[PDB]
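Structure 1 and structure 2 below are two forms of the same protein chain, each written out on its own as structure tokens.
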Structure 1
């Protein structure tokens, strides 16, 4: 089972353009952010998330944080690992790739966040759920340790800090303009959700919240 999962992540790293799009022209790089944000938006659509933040760090890493339920943490009998680890490591975890419905939400969201994990040289997942803080670190999608309880919290939600792999992507430089344009659109499409974009490289920040 563990070998099968590692092979799946290796397949993403072998042919990244088939999962994320062009790895040189910035389209795949920005898709990495948009896939993580789309998971937070799904939590807003479900009725649990009102706040999403996207932070661009000085090392061109990204943090996406939401105040949703937090990815479930309970250990599966079958995989022997947290539900969260399965979500972060298995393409379309728990289900099929929907060849009928990918045209609406995109193929990338159809395979899911495990692609972002596979194509990140490092990813830190922090979950706030049931008053506990859980963390898991990955490298190229491979967990460093099982999801572990690291603290207590009054908050809930999911935080993903990822560093795109320079083995996958050339010209790893995020565009404020590309991110802001899409975030403004997501705000318009998702009334009441506050989407905060912060660029620590420049000190630029902008809250997008549509009240229509």
Structure 2
């Protein structure tokens, strides 16, 4: 019986949705972006960028508070690592978790992490820069300090795993349609979509 991220990599459809028709693939982006939008709603984030790279990887960057980096007392690793590597169980008995189709809503970034062959996390918090890298959800090394900064926020770069997803090709139109909606709802945040494949860029703002 598989638990945790093992369960996710075994049956990714139960979490992210269909892994062949583009549903799950675009859900990966929105699961990351929704965490930034959480920062916007809380009044800490005014800037989100979403970049599609020429290798069909994604970079989401926000100017929110930065994922917490303190050592977690119970796990003995950074809070950020716990958030990245533990399947969140708080939603399991909430109505809003379960979709008619397309997997789960609010699955968490740890599911994005599990289904990415590489995920690079860069946090600006407490005037330091912190970085962690993962592969298929497994940390390569503990979160570590790599510099100083005068700002704060979170950057996630992820490469969808071809062993989970087929037809790995992001759609500007699918992303823009949701981003329009999020921009409408969250008027204090500007959301930049950047497509390095086509050279196209657009800033979405209420």
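Residue numbers count along the first chain shown, from 1. Only residues modelled in both forms are compared. Each form is matched to the other, and the largest set of C-alpha atoms that superpose within 1.5 Å is called the rigid core.
A 2 Å or larger CA shift between structures 1 and 2, after fitting on the rigid core, occurs at just one of 124, 129, 140, 109, namely 109. Core-superposed comparison between structures 1 and 2: CA of residue 74 displaced by less than 2 Å. Annotation for residue 93: C-alpha shift of 2 angstroms or more between structures 1 and 2, rigid core superposed. The rigid core superposition between structures 1 and 2 gives a CA shift for residue 10 of 1.5 Å. Look at residue 23: with the core superposed, its C-alpha moves 0.2 Å between structures 1 and 2. Residue ranges 5 to 7, 93 to 111 are the runs of 3 or more whose C-alphas all shift by 2 angstroms or more between structures 1 and 2 once the rigid core is superposed.
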